[PDB]
Amino acid sequence: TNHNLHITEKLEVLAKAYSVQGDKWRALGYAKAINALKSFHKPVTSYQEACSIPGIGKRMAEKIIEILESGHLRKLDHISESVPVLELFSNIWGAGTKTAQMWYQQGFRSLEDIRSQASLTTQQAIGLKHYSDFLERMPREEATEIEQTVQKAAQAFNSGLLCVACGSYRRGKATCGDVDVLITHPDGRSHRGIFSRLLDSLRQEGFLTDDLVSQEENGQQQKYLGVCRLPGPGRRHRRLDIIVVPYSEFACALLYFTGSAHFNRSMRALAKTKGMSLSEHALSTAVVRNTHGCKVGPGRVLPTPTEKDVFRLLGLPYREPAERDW
DNA sequence: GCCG
DNA sequence: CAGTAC
DNA sequence: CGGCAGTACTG
Ligand SMILES: O=c1ccn([C@H]2C[C@H](O)[C@@H](COP(=O)(O)NP(=O)(O)OP(=O)(O)O)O2)c(=O)[nH]1
Ligand SMILES: [Mg+2]
Ligand code: NA
């Protein structure tokens with residue numbers, strides 16, 4: 001429940017500008033600050049009141065003060081005019097800040113420019129084709145139907161397969177940007193080489209319409225990122241992500257795929273302070289790092305049969321999916 | 001941008 | 001590898 | 001000063 005709309009809305013514009021211009025760390029600090037403000041019980045009113053909140057420092061406090069006194073924020077007036085166009089371009093799935101800036105430098109200004117003149121990767125041409133649809137969020141009811149479509153095709157050739165929708169869906173959101181389906185098998189073996197069968201069952205259905213990321217050649221494929229559409233009238237194309245994991249990694253894979261992203265990053269950061277390491281595969285202990293925080297020794301994987309175990313081993317109180325937006 |  | 005994405 | 005999460009594809 002945000003009690004600081006006047007501040008955050010202005011800061012969000014600044015954050016996105018830095019983000020789309022490639023200033024990733026400056027944008028990160030803004031994100032942390034902006035959210036911290038979203039959580040503060042009351043309207044911040046003093047410069048000193050700003051500083052007290054974790055994630056807000058001198059420079060951010062000064063901008064808050066400027067908004068409180070002026071009603072405007074000077075920096076917003078000197079945002080480059082490239083920014084709306086950079087944002088337009090990097091909302092193409094598969095194009096990031098580097099591609100957007102290259103396109104801009106080549107003189108492109110519109111998606112029509114991109115369509116007719118830009119060189120597109122196979123991913124980007126798919127992203128552009130679905131530009132509007134990928135910017136839409138679906139109601140969670142539709143996410144349920146998509147999960148069930150995948151689960152049916154998976155359990156059709158192995159009833160032992162376990163399928164759960166994660167991401168925003170498992171965090172209880174009303175709408176979902178995509179559907180994230182985690183698949184595993186409680187015997188630790190039969191999960192192997194099933195992207196092959198699953199993806200083909202979903203193609204023969206006509207359910208999958210485009211593949212973005214799908215390394216089907218080597219046999220150790222971990223993820224499928226693609227595009228699906230439910231049958232019948234009134235249906236939009238939706239983004240679909242599927243991961244298949246060993247049963248031993250279920251808790252960590254669940255935790256990762258449920259998110260939020262900032263939640264994962266906070267948790268991973270905490271583990272690092274404890275000489276541990278957390279990934280989608282495993283929670284590890286006795287991890288040896290150099291002075292730049294870079295792993296140089298692998299450490300021991302800890303047994304983590306459930307999500308609660310991960311929290312426990314990290315010395316943290318358990319948090320339900322709905323409580324993990326930050 | 002923030003923070004140790 | 002750099003870029004992009006989850 | 002310098003890290004800011006830790007991974008998996010693409011070409
Ligand atoms: O940078 C990321 C992105 C995603 N993730 C994890 C968390 C996230 O909840 C999960 C699913 O990725 P999505 O892109 O689908 N985000 P989410 O489902 O939370 O929101 P949306 O409704 O936009 O799909 O992957 C990360 O750990 N790091
Ligand atoms: Mg999602
Ligand atoms: Na993009």
Side-chain angles (χ1 to χ4, degrees), chain A residues 11-12 14-15 17-37 50-51 53-57 59-63 89-103 119-127 134 166-168 177-182 195 211-216 218 221-226 239-245 249 252-253 255-274 276-284 287 289-294 298-299:
Chain A
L11 295 189
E12 271 147 28
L14 211 42
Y18 285 125
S19 184
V20 90
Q21 286 177 295
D23 196 344
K24 148 192 59 179
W25 301 127
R26 185 172 319 270
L28 177 63
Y30 268 83
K32 289 189 168 169
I34 282 161
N35 189 270
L37 285 189
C51 307
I53 316 177
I56 299 83
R59 249 185 162 184
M60 198 68 57
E62 294 171 18
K63 295 188 178 69
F89 290 168
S90 58
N91 282 339
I92 297 174
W93 201 103
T97 183
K98 297 297 190 173
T99 304
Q101 295 201 281
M102 189 192 68
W103 284 341
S119 187
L120 300 170
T121 68
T122 300
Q123 288 169 347
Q124 290 160 1
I126 290 168
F134 286 180
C166 304
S168 54
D178 71 347
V179 187
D180 308 291
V181 178
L182 169 59
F195 267 112
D211 312 321
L212 295 164
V213 171
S214 190
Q215 198 260 86
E216 295 173 53
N218 92 291
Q221 177 178 9
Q222 300 182 46
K223 78 176 63 179
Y224 169 86
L225 315 180
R239 283 271 296 105
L240 177 61
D241 295 355
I242 303 177
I243 63 171
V244 170
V245 307
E249 304 179 352
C252 285
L255 187 73
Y256 153 78
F257 217 25
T258 293
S260 73
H262 180 92
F263 175 78
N264 285 340
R265 297 171 75 159
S266 311
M267 185 129 304
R268 286 164 189 216
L270 176 75
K272 187 179 244 192
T273 62
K274 291 167 148 47
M276 305 166 81
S277 188
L278 176 67
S279 73
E280 40 261 62
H281 297 295
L283 178 62
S284 296
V287 180
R289 293 174 171 95
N290 63 357
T291 47
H292 306 276
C294 292

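Heavy atoms only: backbone and side chains are in, while hydrogens, waters and symmetry mates are out. We name chains A, B, ... by the order of the sequence lines, and we start the count at 1 in each one.
Residues satisfying the salt bridge (charged side-chain N to carboxylate O under 4.0 Å, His left out) criterion with A/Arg265, sequence neighbours excluded, are absent altogether. Not a single side chain to side chain donor-acceptor pair (under 3.5 Å) links A/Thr99 to another residue, sequence neighbours left out. Looking at residues two or more places apart in sequence or on another chain, you find a ring pair (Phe, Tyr, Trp, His ring centres under 6.0 Å) between A/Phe134 and A/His130. Partners of A/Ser260 by side chain to side chain donor-acceptor pair (under 3.5 Å), not counting sequence neighbours: none found. Applying the salt bridge (charged side-chain N to carboxylate O under 4.0 Å, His left out) rule to A/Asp241 yields the partners A/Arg239; only residues at least two apart in sequence or on another chain are considered.
A/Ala261 comes within 4.0 angstrom of no nucleic acid atom, judged by non-hydrogen atoms across all strands. Across all strands, A/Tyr256 comes closer than 4.0 Å to base atoms (heavy-atom distances). Residue A/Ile243 is classed as having no contact, given no heavy-atom separation below 4.0 Å to the nucleic acid.
With rounding to whole Å, A/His292 atom NE2 is found 16 Å from B/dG4 atom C1'.
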**Message:** If a pair means Watson-Crick or G-U wobble with both distances below 3.5 Å, what does DNA chain D look like in dot-bracket form, with | marking bases paired to a different strand?
**Reply:** ||||.||||||
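Residue A/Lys272 places at least one side-chain N or O under 4.0 Å from the OP1 or OP2 atom of D/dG6. Checking the phosphate oxygens (OP1, OP2) of B/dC3, no side-chain nitrogen or oxygen of A/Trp25 falls inside 4.0 Å. Applying the 4.0 Å criterion to OP1 and OP2 of D/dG6, one finds that A/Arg289 has a side-chain N or O inside that range. In this model, the phosphate group of D/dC9 is not approached by any side-chain N or O of A/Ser214 to a distance below 4.0 Å at OP1 or OP2.
Under 3.5 Å, the side chain of A/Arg268 and the base of D/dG6 form at least one donor-acceptor pair of N or O atoms.
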